[PDB]
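K.L.:
Pasting the sequence and an experimental structure:
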Amino acid sequence: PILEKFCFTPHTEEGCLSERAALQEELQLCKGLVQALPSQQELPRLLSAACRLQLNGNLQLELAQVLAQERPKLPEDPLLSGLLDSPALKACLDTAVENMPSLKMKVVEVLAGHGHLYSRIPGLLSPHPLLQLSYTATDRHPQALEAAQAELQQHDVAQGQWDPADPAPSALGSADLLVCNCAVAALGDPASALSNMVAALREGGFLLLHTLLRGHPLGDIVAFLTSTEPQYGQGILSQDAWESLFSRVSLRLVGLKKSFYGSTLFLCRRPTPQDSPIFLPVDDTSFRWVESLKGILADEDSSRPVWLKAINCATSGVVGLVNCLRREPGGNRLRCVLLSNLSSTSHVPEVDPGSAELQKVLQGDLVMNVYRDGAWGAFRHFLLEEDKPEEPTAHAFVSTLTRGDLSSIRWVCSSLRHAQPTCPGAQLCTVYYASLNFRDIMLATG
């Protein structure tokens, strides 16, 4: 079985990966080498080699090229690929998937040679039971990405030749989602690349971009390095600079995930032709609104979006209702807004049409919009850890979890946590030494 959890994910998370200790240690090591101009990780090795040849006046060429760094192992560096090892990417992909008119998704990756997202996106979408995916990889040059062709073959991916600098070939054409991985792959120019990409992106589609923000410690540290390649320095920009650049191409930002060390994951959506939006309160306990909604949905000719909003109660089930309706004919127009606050102290915002919050969510134009304790996000699914939980106990017993395999023997909690000492027939006794008989070996062996 596919075991998951169903929690509430804000569309904007900052300081995402603070919990991890290894990332902080890597950051401390990296700045330490930077200070005054040591680990198996590739990026610290590169920094150490750069500082090794000269303490002052380091040559750009010597640090640019060195043994053990020519390989595209920079993405493998935990600091650089931190966000793609966390559930932020899963949340972004799920948000992209949900706001799709149909059940099929068209995802095209730019600079697939270095981005390496081709080996992580396809697996993350396996849990969805009905979704059908069309992943296509692309690179500036053919020979690039020629390696790992078996990896591309084991999944279903399509080769390409597009260089984001030039207009996208019509073969890719309009696409549901675009992924770049600007952290490692080199972008020729921000404005030109984004213009070509937004041109490629279909209407209402999404663009997911991973980049290392400038102005943050790791951003500056990488900026000093790679100085030989001006392109790689073009991808590194400022958060406000990125936001401004987005406004130029009339591409709107729906979500953003910011690592504690600077990395960020921009999710953007292509605006759609404006239409007058319908509204229908769904908090009436008499379910009289069902007739109202049934009346609206009947006129399939109309293309006016429907915005089912409930603000009176925090236990409304608008989420399931919109999830199920969207499959039904005419469901593409349905959209939701729920105010589900769990803390009584939290103030309830105003959802009146004049208010700003409704305007911002409408500009976002997402199917799900759930407000809980000062955040706007949607409930999302994640895989849960594989370990069997363990708790400190005074009563436990040994058991072969998988019959026949002695390797599966482990301690488990025992019913004896609940017992009565008064009864003489109980005589619950502690155990200091337990013997093993032939019968026990026969049982464990199966």
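P.N.:
Structure's in. What do you need? Numbers count the residues shown, from 1 in each chain.
K.L.:
Going along the chain, name the helices of the stretch 201-350 of the chain.
P.N.:
217-224, 230-235, 239-248, 289-298, 318-327 (DSSP state H, counting those that start in this stretch).
K.L.:
which of those helices is buried the deepest?
P.N.:
helix 217-224 (a mean of 18; mean count of other Cβ atoms under 10 Å). Using the backbone N, CA and C atoms, a C-beta is placed for each residue, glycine as well.
K.L.:
residues making contact with that one?
P.N.:
By Cβ atoms under 8 Å, 6 or more residues apart in numbering, the surrounding residues in contact with helix 217-224 are 27, 30-31, 34, 47, 79, 212-214, 233, 236, 261-263.
K.L.:
quick one: the strands in the stretch 251-400 of the chain?
P.N.:
Remark: strands assigned in the stretch 251-400 of the chain by DSSP state E, counting those that start in this stretch are 252-258, 263-269, 278-281, 306-310, 334-339, 370-371, 376-383, 396-400.
K.L.:
so the fourth one versus helix 318-327, what angle?
P.N.:
In terms of direction (axes from the mean of the first three to the mean of the last three Cα atoms, to 10 degrees), strand 306-310 departs from helix 318-327 by 160 degrees.
K.L.:
Can you mark which positions in strand 306-310 are buried?
P.N.:
Across strand 306-310, burial judged by 16 or more other Cβ atoms under 10 Å covers 306-310.
K.L.:
go on, the last one?
P.N.:
Along strand 396-400, these residues count as buried under the neighbour rule (16+ other Cβ under 10 Å): 396, 400.
K.L.:
Show me the one of the helices of the stretch 201-350 of the chain that comes nearest residue 203.
P.N.:
Counting by Cβ to Cβ, residue 203 lies closest to helix 239-248 out of those; the figure is 17.0 Å.
K.L.:
right, and residue 211 touches residue 182 too?
P.N.:
Yes - between residue 211 and residue 182 a contact is recorded at 4.3 Å, counting by Cβ atoms under 8 Å.
K.L.:
Quick one: residues contacting residue 125.
P.N.:
Contacts of residue 125 (Cβ under 8 Å, 6+ apart): 93, 97, 105, 131, 133.
K.L.:
Count the neighbours of the second one for me.
P.N.:
The criterion is other Cβ atoms under 10 Å. On that basis, residue 97 has 18 neighbouring residues.
K.L.:
do the fourth one as well
P.N.:
The local packing count at residue 131 equals 13, with neighbours defined by other Cβ under 10 Å.
K.L.:
Name the residues that touch stretch 163-180?
P.N.:
93, 96, 100, 105-111, 115, 117, 121, 136, 138, 140, 160-162, 187-189, 192-193, 196-197, 199-203, 205-210.
K.L.:
anything in contact with each of residue 211 and residue 182?
P.N.:
In contact with both residue 211 and residue 182: residue 235, using Cβ under 8 Å, 6+ apart.
K.L.:
quick revisit: mind listing which of the contacts of helix 217-224 are in strands?
P.N.:
Of the contacts of helix 217-224, the ones assigned to strands by DSSP state E are 212, 263.
K.L.:
Can you tell me which of the contacts of helix 217-224 is nearest residue 439?
P.N.:
residue 79 (54.7 Å).
K.L.:
For that closest one, which non-adjacent residue is spatially closest?
P.N.:
Spatial nearest neighbour of residue 79, chain neighbours left out: residue 26 (5.0 Å); criterion: Cβ to Cβ, 6 or more residues apart in numbering.
K.L.:
Pick out the residue nearest the middle of this structure.
P.N.:
Geometric centre of the chain, nearest residue: residue 89, 1.6 Å, by Cα atoms, centre = their mean.
K.L.:
so what's that residue up against?
P.N.:
So residue 89 contacts 83, 120, 124, 265 (Cβ under 8 Å, 6+ apart).
K.L.:
can you redo those as CSV with secondary structure?
P.N.:
Formatted as CSV, the contacts of residue 89 follow (DSSP: H, G, I helix; E, B strand; the rest coil):
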residue, secondary structure
83, helix
120, coil
124, helix
265, strand
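K.L.:
among these, who's most crowded?
P.N.:
Neighbour-wise, the contacts of residue 89 (other Cβ under 10 Å) top out at residue 265, 24 neighbours.
K.L.:
so it makes contact with residue 82?
P.N.:
No - assessed by Cβ under 8 Å, residue 265 is found out of contact with residue 82, at 10.2 Å.
K.L.:
and the closest residue to residue 404 other than its chain neighbours, how many residues sit next to it?
P.N.:
Distances taken as Cβ to Cβ, 6+ apart put residue 446 closest to residue 404, at 3.2 Å, once the chain neighbours are dropped. Neighbours of residue 446 under the rule other Cβ under 10 Å: 10.
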